[PDB]
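Only one chain is given next, in structure tokens, and it is the form deposited in one PDB entry.
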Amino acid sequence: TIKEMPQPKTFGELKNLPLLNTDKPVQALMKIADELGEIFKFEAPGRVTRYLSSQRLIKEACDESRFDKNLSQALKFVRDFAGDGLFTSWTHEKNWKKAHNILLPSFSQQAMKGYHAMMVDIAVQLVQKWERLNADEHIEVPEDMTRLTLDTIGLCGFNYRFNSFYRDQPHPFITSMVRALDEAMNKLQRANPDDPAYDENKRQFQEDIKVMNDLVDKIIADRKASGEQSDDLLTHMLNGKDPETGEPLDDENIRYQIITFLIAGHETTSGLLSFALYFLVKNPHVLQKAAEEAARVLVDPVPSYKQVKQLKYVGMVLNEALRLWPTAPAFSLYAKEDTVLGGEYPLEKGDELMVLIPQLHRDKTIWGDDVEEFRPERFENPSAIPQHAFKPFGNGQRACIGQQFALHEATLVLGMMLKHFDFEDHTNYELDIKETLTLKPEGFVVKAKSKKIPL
């Protein structure tokens, strides 16, 4: 069998590093994936990674007895401000298991009924903003969806109102957060700490962290001082105890959990809503089926939890957009012990594998030949889909805890947008995928004509 592992061109002691020295790394890796195939060795000075693009190989990588979540380099950087939150912890860290056991039931589909009203609040603010645009103004899709997701996570997370729909300049926290994330991403493509970065950046970085730590800390302190019982994630963490040690979460970890909900949930969820709208506006017939379902189900001024769950086709639209462009493009895994992958490629204990989600979703072997086409119908019968072929939310006990939250919000919002407006792609937008920790359609603009249905 073809057992030797290919590799892209190298640049001496710099190795393949220069290969991703671009503002669109994942998309570049996808090209390399097309050329080299379902697996290639990517080497850097003191780091080797193996990228997987096949369902054949990836279903083996998802075997939890052989592979576990690895903290990629980027995640290690993000750990400087996200600490030991669910997202940047090792599976073997005690605070990971603890937070995971306590928070698991609060993120179930059943628990969404408690967060529903808060999600509806921000969703109505979005509709009303659009309702009030003068007919000649347009919509900055990614920009509004991000305001929508940040405010929703803030309300549901710690009952705080960032009030993004009342300002051009975001709340200072949000600003320090995007800035810290930026720095963490730039550190990844740093030639070395002195090309680019110097004391000025690190200083700025440590500053943003204080702005974040200060706000969350204060809020935690104020709540346990007043003893308030709201329906947000913070209440659940203050009154929660792990069924295993009987221990509760510490105030520092609770802080990291909140910061983690923000950094891990806002861009991914905003990207999702933007892409779905993009494919819908580019595919008039799909938009027509969706719009019709929305008008048929959402027969009340404000959507009920029950009604959101009936938006069957809309859900299919979201899943198809998640197939084509998973907003969180990759996750890393490490070999627990030595093994051979796919019976061909030998792996040693500790070897890092990197799942290229966008490539996995284009596996002709699993999805057929029209993999590049946006066809929601392919998710009509989800049970007909092979195991580990569709992985937009990670794998196993380390999969996105916020999967239900994201999908419920995305469905609620998409449903409401399709009920109140007709969308016009007045600029004949050409997809431009901007990359940060996540993927998003940069510069996507549309124009919305209201159907004049009251809220």
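Residue numbers run from 1 along the displayed sequence. Rigid core: the largest C-alpha set superposing within 1.5 Å between the two forms.
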Check: For the C-alpha atoms alone, is the average B factor greater in 358-366 or in 75-83, going by the entry?
Finding: 358-366
Next item on the list: Would you tell me which stretch averages the higher CA B-factor in the PDB entry, 32-40 or 398-406?
Entry: 32-40
Next item on the list: Among the candidates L287, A335, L188, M112, give the one with the maximum CA B-factor reported in the record.
Entry: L188
Check: With respect to the C-alpha temperature factors reported in the PDB entry, which of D199, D232, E252, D144 ranks highest?
Finding: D199
Item checked: Chain-wide C-alpha B factor ranking for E267, given as lowest, middle or highest third -> lowest
Notebook entry, point to check: Relative to the other modelled residues in the chain, which third contains the C-alpha temperature factor of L347: lowest, middle or highest?
Noted result: highest
Item checked: Modelled-residue ranking by C-alpha temperature factor, third containing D121 -> lowest
Next item on the list: Quick one: classify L52 as lowest, middle or highest third of the chain based on its Cα B-factor.
Entry: middle
Item checked: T411 - Cα temperature factor, lowest/middle/highest third of chain -> lowest
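There is also a form solved in complex with a small molecule; it is not shown, and the following applies to it.
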Item checked: Heavy atom within 4.5 Å of the small molecule in the entry with it bound - residue from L412, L29, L418, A61 -> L29
Checklist line | Contacting member of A335, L341, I254, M354, with respect to the small molecule in the entry with it bound [4.5 Å, heavy atom] | finding: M354
Checklist line | Contact test in the entry with it bound: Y278 vs the small molecule, heavy atoms, 4.5 Å | finding: no
Note to self: So in the entry with it bound, is the small molecule close enough to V446 to count as touching (4.5 Å, heavy atoms)?
What the structure shows: no
Check: Does the 4.5 Å heavy atom contact test between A197 and the small molecule in the entry with it bound come out positive?
Finding: no
Margin query: Please determine whether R47 contacts the small molecule in the entry with it bound, using a 4.5 Å cut-off between heavy atoms.
Written below: yes
Next item on the list: Could you tell me which of 419-427, 52-60, 65-73, 31-39 sits within 4.5 Å of the small molecule in the entry with it bound, going by non-hydrogen atoms?
Entry: 65-73
Notebook entry, point to check: Do all of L20, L188 and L437 end up near the small molecule in the entry with it bound, with near meaning a heavy atom within 4.5 Å?
Noted result: yes
Next item on the list: Select from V211, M118, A328, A197 the only position whose Cα moves 2 Å or more between this form and the one not shown when the core is aligned.
Entry: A197
